[PDB]
Amino acid sequence: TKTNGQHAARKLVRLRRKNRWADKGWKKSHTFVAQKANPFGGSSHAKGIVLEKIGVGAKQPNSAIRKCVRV
Amino acid sequence: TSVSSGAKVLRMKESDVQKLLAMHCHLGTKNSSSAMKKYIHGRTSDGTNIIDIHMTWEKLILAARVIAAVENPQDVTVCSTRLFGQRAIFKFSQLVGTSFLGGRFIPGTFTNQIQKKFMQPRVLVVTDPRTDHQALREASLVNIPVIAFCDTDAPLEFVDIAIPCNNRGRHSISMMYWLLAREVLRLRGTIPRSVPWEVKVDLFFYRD
Amino acid sequence: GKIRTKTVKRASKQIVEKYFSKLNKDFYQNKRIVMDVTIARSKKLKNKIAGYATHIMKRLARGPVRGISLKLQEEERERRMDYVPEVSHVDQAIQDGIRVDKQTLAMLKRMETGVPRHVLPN
Amino acid sequence: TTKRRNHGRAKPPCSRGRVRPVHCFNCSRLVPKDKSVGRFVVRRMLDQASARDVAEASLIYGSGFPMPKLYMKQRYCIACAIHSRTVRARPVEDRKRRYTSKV
Amino acid sequence: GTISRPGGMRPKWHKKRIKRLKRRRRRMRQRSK
Amino acid sequence: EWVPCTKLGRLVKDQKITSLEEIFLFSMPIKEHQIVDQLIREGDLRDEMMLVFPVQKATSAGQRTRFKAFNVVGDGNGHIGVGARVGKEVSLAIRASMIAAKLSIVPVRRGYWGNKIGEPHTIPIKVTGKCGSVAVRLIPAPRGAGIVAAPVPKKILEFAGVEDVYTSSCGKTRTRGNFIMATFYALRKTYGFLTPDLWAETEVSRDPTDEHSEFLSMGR
Amino acid sequence: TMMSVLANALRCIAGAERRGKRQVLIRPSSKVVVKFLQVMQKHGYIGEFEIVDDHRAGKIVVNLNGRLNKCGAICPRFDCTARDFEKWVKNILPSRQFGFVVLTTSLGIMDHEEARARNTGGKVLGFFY
Amino acid sequence: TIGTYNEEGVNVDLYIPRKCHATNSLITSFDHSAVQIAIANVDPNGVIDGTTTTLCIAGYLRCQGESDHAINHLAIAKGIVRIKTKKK
RNA sequence: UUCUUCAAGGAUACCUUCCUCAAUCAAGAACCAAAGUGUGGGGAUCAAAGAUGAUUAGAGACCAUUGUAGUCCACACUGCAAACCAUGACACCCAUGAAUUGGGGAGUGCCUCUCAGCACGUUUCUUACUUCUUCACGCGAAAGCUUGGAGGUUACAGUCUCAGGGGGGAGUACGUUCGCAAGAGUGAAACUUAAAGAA
RNA sequence: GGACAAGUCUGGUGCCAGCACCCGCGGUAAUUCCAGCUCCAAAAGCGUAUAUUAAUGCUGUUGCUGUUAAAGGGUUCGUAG
Ligand SMILES: [K+]
Ligand SMILES: [K+]
Ligand SMILES: [K+]
Ligand SMILES: [K+]
Ligand SMILES: [K+]
Ligand SMILES: [K+]
Ligand SMILES: [K+]
Ligand SMILES: [K+]
Ligand SMILES: [K+]
Ligand SMILES: [K+]
Ligand SMILES: [Mg+2]
Ligand SMILES: [Mg+2]
Ligand SMILES: [Mg+2]
Ligand SMILES: [Mg+2]
Ligand SMILES: [Mg+2]
Ligand SMILES: [Mg+2]
Ligand SMILES: [Mg+2]
Ligand SMILES: [Mg+2]
Ligand SMILES: [Mg+2]
Ligand SMILES: [Mg+2]
Ligand SMILES: [Mg+2]
Ligand SMILES: [Mg+2]
Ligand SMILES: [Mg+2]
Ligand SMILES: [Mg+2]
Ligand SMILES: [Mg+2]
Ligand SMILES: [Mg+2]
Ligand SMILES: [Mg+2]
Ligand code: NA
Ligand code: NA
Ligand code: NA
Ligand code: NA
Ligand code: NA
Ligand code: NA
């Protein structure tokens, strides 16, 4: 099967390090690009000022107006 | 065959070999299967296989001891789909007292319990393991041992005791059923060993 | 088409089985007998039943029929067929010489009982 | 889904890499030689009615001398073999009959 | 019919569309550089 | 008002056969659910519905709906049986599954995790059972630990009479039909393993159809 | 190529037991193979075996008796301390009532019940039950 | 000395099963192809005695087609089949 | 296609020689269908682009008549294919029956010199491409695989190595290496979606 | 309503207002919205948001997958390992 060495820990460590970048969950916590694009700088809440009140429609199977605001 | 405190009884005699050789019960087919390769003893220049007589008799007696050990003769069923065995099936049942099935085998006669022909035999005898495969397959579902007359090309699945013989040729099957019927009666019954049996093989012969 | 259905066919076999005697190749005599021993409501069925019965009898006069199974005919066939010749065919064959192949003879010599009598190679 | 075990040709793995293509007898399409459907045809130059008239007018074939035949080896693409009814679609479990010789 | 449900037009012609895009982008950056 | 149709049924109707262990010893099929009713007290019956879902088949002008039901039947200790059937109505499918569950009844072995004290509480070995993609593993565990398992394998393992087991699983267990049967196949395998205490060559007895063949001879 | 003759021999034996044979032939055999076999024979798990000698690595004929369920090598040969015996048992054994894990110590090749009695440890070799 | 025993002497196992004489394997309760064959002993005379020798075949051996081969070896060991023809 | 030449390669046979010299691989190297590029030849056939005639609502297409580059050779490039057995290399075990290619061991036909020769029939053996409808066990979601396994695996460990991580954005953008060019290799994210997919 | 313990109760609205973490509910008889009455969980505690651990054998040394679902390099040689 895979490598079974007793002196092959270097190969197994390199394999796991390279392949750990392939899951979106683990990559999001070690890459710093998400925080910059996130309007909250990694914070639970944030404070803002209301600009205007808008009404956005609902997606296709539904039908309504969702009463949002621009902040 | 052997016996505790062996007395050389139940052994092949001179007349038995004459009957077997007379009607060509020792001739196989051109091809052989791996299962039956042990019973074959040499082969002719033509390509026909020769069946070892000693082992043919050994299995014949062993099957007889199984059938005679059944207390109720109705608990033995004899089956045959080939035409040449149908007569031998009938006479064998008459003399020993065993139920018999001839011709087409209705699927369900051993497993479909809510039926007017449901049967529960304790042992099964079939003329040919290849043409009687439906019977063998059905017996594999209800714990029923099987005795079969096998040629050199027979498939031995679901076959417990195999008697190597000549399944083809009208007189060949009749010879084997005649010997089996006589041996069972000798093993237990009113037929003595010294006096030759009075019935005729031609009775077991199949005629139109 | 003039196919006779299962109801007609089955009753005809039953009538022939029970009353094979008194039956003959004449439709009109058979029709009177069928009307006597049947309780069917429809007259049309009784006509067809007697028609198929005559057809069966005509075939029976020439040879056996699979479904008919007459009791007396079976016994006469059984007694004829369970015939025994004066001398067994095997006994005649043993009396004449038995010809066997050389390797067939080879195992016979090796066997304890040895080569039996009335046996020749060729 | 693999429809056929030999993938429609007669080239096992580990045996060849390439087989030279031929032209279809009918549409002139290029098909590998093992994949194509091939038939050897022997046909008479004249049917029964015409052979009788020509034999009567001739002195060579007038007394028991065979007329010439036409020998050709025809190779078909898959489409032209189906359309011309040389072969037909078959039920699953009947797609395995082989017919090693012409009879 | 041999393949299963392409997503949005034959993949070969989608490939040719992008190749002509890359050529035009290359020509546009050469004007400035 | 039940008249048996098989040789085994006739013996069980009388007192010739009294323990299911006699039947299991010769591996004979049951084929009649009244055998289990008589052989078990019927106070330890304990049926249980487990799953009832609809299945459909497309036809011209609509479709056709039927119901598949899974029943589990087990005594207090050592006997378990699972059956599934289909019917045009929910009520019919329930009753049919009950009969099917009784028809297939198997014995399940039990053992000790460590030192042997008192009655057995856990299975004697680790056994796996597979049905589809779902595979269920059962592991022996020290006493006191309960039945560490999902709700579905736990209900089945209660009826089998095990009070202590560790459970691991693989595959798409969201398919409850395969989850029910995979555990049942795991319990059946407990009597197939050859432990070193059974080496112990033992003689051969006679089957009931031979021992009481005389009684079955006369009559119908 | 062939990297472990112990893994090879234990694979041949467990294979023949799966099919139902009565005898196996094993090549090329070595000292470690023979000492492993003697541990299985002494506990009554295989039966009589014999070594045929050529002027090379020999061959072994082993008679079976239908008691073996599985036997296999562990690779690579990990290290086990006298306190680590249980952990191995919980992993590669069907139960703790029966089975064996074969170790190689400085006293010699021997199973884990004997090793615990002498209070030693070493590298695991295989198992059988 | 069959089955599992407590620290006391009580045997807690129920239904000790059958072991096939050919393969040394347990014959389970859901194996419907397993069979039992009874062969009668006889006296120095040709009449049957009244004692039977009994054989157990596993059941998967039958479907493999090896059931016949096993029976030959079992009957030879039990002393019911003469292996080879005697010398003249 | 045949004949004449040059250097190789595998199998078999062997009571020849030698004595661990081996297995598999980042980096690095050589080869690699067709189309395409450069410079000289060659140019019969077919034929991208292009031109005519039809068909059609339209037809830029399919059909017909043509026609340039190409198709062929030499020497330099390119390095991509459904480059497929969609199945990485080395080693072990493993049920049957008929065939076939090459070497070796142990009744029939032709037979004035590549001839103490050549084919065939019967039985064994080593190597190779595989077939079973009268082919196992076993495995798999199934279709199916089964002595180059997709078996011997929750009863999970013979050895090495290359890839994957819900669908799209996308094999795209930026940087860099290689290329005459066409391109090739390496290779993201912001955003957007509850399915897409397999039998 | 389901996952998930707990109403086929009674009024109002009528694809609107709103709920809904996911599947979904609302177009005139709404088991899901706004309310009344009952009931369920846990309780001086209980919801919501963000991050993180277990669930996860969805990072696999123990312990994954690669014919067709994502995935065996086009083929050989070859050094460190
Ligand atoms: K073809
Ligand atoms: K299609
Ligand atoms: K799970
Ligand atoms: K053209
Ligand atoms: K590629
Ligand atoms: K060759
Ligand atoms: K094959
Ligand atoms: K299949
Ligand atoms: K690129
Ligand atoms: K996975
Ligand atoms: Mg080759
Ligand atoms: Mg190719
Ligand atoms: Mg298709
Ligand atoms: Mg695809
Ligand atoms: Mg040529
Ligand atoms: Mg070119
Ligand atoms: Mg050029
Ligand atoms: Mg030029
Ligand atoms: Mg032209
Ligand atoms: Mg797979
Ligand atoms: Mg693994
Ligand atoms: Mg992805
Ligand atoms: Mg939430
Ligand atoms: Mg509603
Ligand atoms: Mg976590
Ligand atoms: Mg490849
Ligand atoms: Mg490459
Ligand atoms: Na391909
Ligand atoms: Na590929
Ligand atoms: Na680039
Ligand atoms: Na499909
Ligand atoms: Na876990
Ligand atoms: Na793929």
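Side chains included, hydrogens not; waters and symmetry mates left out as well; all remaining heavy atoms used. Quick note on labels: first sequence line is chain A, next is B, and so on, each numbered from 1.
Contact annotation: F:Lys126 does not reach the phosphate of I:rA155 (side-chain N/O to OP1 or OP2, under 4.0 Å).
The nearest pair of heavy atoms linking B:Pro129 to B:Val159 is CB-CG2, 4.1 Å.
Only the P atoms considered, J:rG36 is 22 Å distant from J:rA41, to the nearest whole Å. I:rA35 and I:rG60: their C1' atoms are spaced 25 Å apart (whole Å). The same atom, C1', is picked in I:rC46 and in I:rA69; the two are 14 Å apart, to the nearest Å. Nucleotides I:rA57 and I:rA49, compared at atom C1', are 29 Å apart to the nearest Å.
Base pairing of I:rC191 is not made with any nucleotide, judged by Watson-Crick or G-U wobble geometry with both donor-acceptor distances under 3.5 Å.
Counting atom types as modelled, A:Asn62 pairs a side-chain N or O with a base atom of J:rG24 as donor and acceptor under 3.5 Å. For A:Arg66 and J:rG18, a side-chain-to-base donor-acceptor distance below 3.5 Å is present, hydrogens and geometry of angles not being considered.
In terms of the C1'-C2'-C3'-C4' torsion, J:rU59 has a south-puckered sugar. The angle is below zero.
Spacing between atom CG of B:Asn31 and atom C1' of I:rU134 amounts to 10 Å, rounded to whole angstrom units.
The glycosidic torsion of I:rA136 lies within 90° of 0, placing the base in the syn range.
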